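Okay, so here's just one chain, in structure tokens, the form deposited in one PDB entry.
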């Protein structure tokens, strides 16, 4: 039986790799979004070589102390998430999960020896993200839904309130999951046909049928990169598959001005594209077919819709004709992408993939009891594993370190908690206490954050 697994993370910071998760919540439903089973909610204990971003703690109201008292170590934390995510025929989804939550999942799995990718495709599993579904709905078929404005806001809280959906205790994983389910139900109800279209075209194979590179056939694309002033929508034309990533296609925004593509050379274009802020400026962008982007046949954007959004159909077709009569453009664009770090092992998930041999060895690591990890006599090819293993043991199984390893771990913490870092931390807390002296609830959270810094980082 196929099902949907709505989930959400509340973290101690903004970086998917460098910050740590605080709380996780997941809810399994059926094809109609009716809850099956019970809600899953648990916390993650923070390791002793990390301090939370104060701003994040003020948002969630979750202190390191609460998380430490209620949660499990990250290895156990990951174990549970991996179980929920590996149930067959599951569509793992959330709200803005493709751009944030999934990166957290990949890093948690990475740090704790689980495959960072398999969960999203094996056993007929797949993934989706309601954020872009809301944007496509607003841009193409607005009717039946109230949209917070002075431009369209797609923050979950705003959408729920604007549509009479009870969303109290926001920024609590559990509550956000319930609100996402509510939003999904709302859209499926008020815009059934668009909903199903987006759903059935989320997978790589159905997306592929829409992309016609040789002909440069136009498509409707919804991306936050286009900007709320255009409804995050435009007409794009695929120019070529990426030279080094066959899961990426180079698209040209037909609504922009293409002269830059005609006048400048590939070196210049590359400089401007590789350093610019991602906001549509060279009218070119990449679409990763494995990240469920919103793509639809051109006619989905009716003349009425174009006018409402401000998209000049004719202008787009004019550029389309030009691109077709100027083969040299396909050359320059592909040439641009024909050319593509940290010393912290936590930030090297994307340094490369692990060979089948290392995956096998890492699998044995997962079955080995912590006490025996040191005694384990396994070969590792990838240089990252050795470092990952040491952090894994020191962070989740401290009592397992020998005397010398404890000294090394102590040295490690000293190198993280440098004088400038502690001063910056105190400066921020000082600034926040001055700003929220009144709010008895916020001051309590700030007091806790300073106490926590005292015990984990002082002396």
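In this text, rigid core is short for the largest set of C-alphas that superpose within 1.5 Å between two forms. Numbering follows the first chain given and starts at 1.
Residue 292 is built in all of the other entries compared, counting only those with both neighbours built, so it is not a gap in a third. Among other deposited entries of this protein with both flanking residues present, at least a third omit coordinates for residue 277.
Per the record, residue 280 and residue 281 are separated by a gap of 4 to 9 residues from the deposited sequence that were not modelled. Where residue 196 is followed by residue 197 in the displayed chain, the model omits none of the deposited residues that would sit between the two. On average the C-alpha atoms of 151 to 159 have higher B-factors than those of the other stretch, with 151 to 159 and 213 to 221 being the two compared.
Stretches 325 to 333 and 344 to 352 differ in mean C-alpha B factor, with the higher average recorded for 325 to 333.
Comparing the listed residues 39, 61, 52, 419, the entry records the largest Cα B-factor for 39. Taking only the listed residues 165, 79, 108, 133, the entry reports the highest CA temperature factor at 165. Residue 358 sits in the middle third of its chain by CA B factor, as recorded in the PDB entry. For residue 102, the recorded CA B-factor ranks within the lowest third of the chain. Only modelled residues enter the ranking. Residue-level temperature factors show residue 440 in the highest third of its chain, judged at the C-alpha atom.
Among all modelled residues in its chain, residue 229 ranks in the highest third by Cα B-factor. Residue-level temperature factors show residue 90 in the middle third of its chain, judged at the C-alpha atom.
The form solved in complex with a partner chain exists for this protein as well; it is not shown, and the discussion that follows is about that form.
A residue is said to contact a partner when one of its heavy atoms sits within 4.5 Å of a partner heavy atom; residue 330 fails this definition for the partner chain in the deposited bound form, lying far away. The closest heavy atom approach of residue 302 to the partner chain in the deposited bound form falls within 4.5 Å.
Taking non-hydrogen atoms only, residue 140 approaches the partner chain to within 4.5 angstroms in the deposited bound form. Using a 4.5 angstroms limit between non-hydrogen atoms, residue 297 touches the partner chain in the deposited bound form. Comparing 74 to 82, 140 to 148, 121 to 129, 153 to 161 against the partner chain in the deposited bound form, the single stretch with non-hydrogen atoms within 4.5 angstroms of it is 140 to 148.
Scanning 354, 197, 241, 380 against the partner chain in the deposited bound form with a 4.5 Å heavy atom cut-off leaves one residue, 197. Relative to the superposed rigid core, residue 437 undergoes a CA displacement of at least 2 Å between the shown form and the other one.
Comparing the forms between the shown form and the other one, the C-alpha position of residue 275 differs by 2 angstroms or more, with the core used for superposition.
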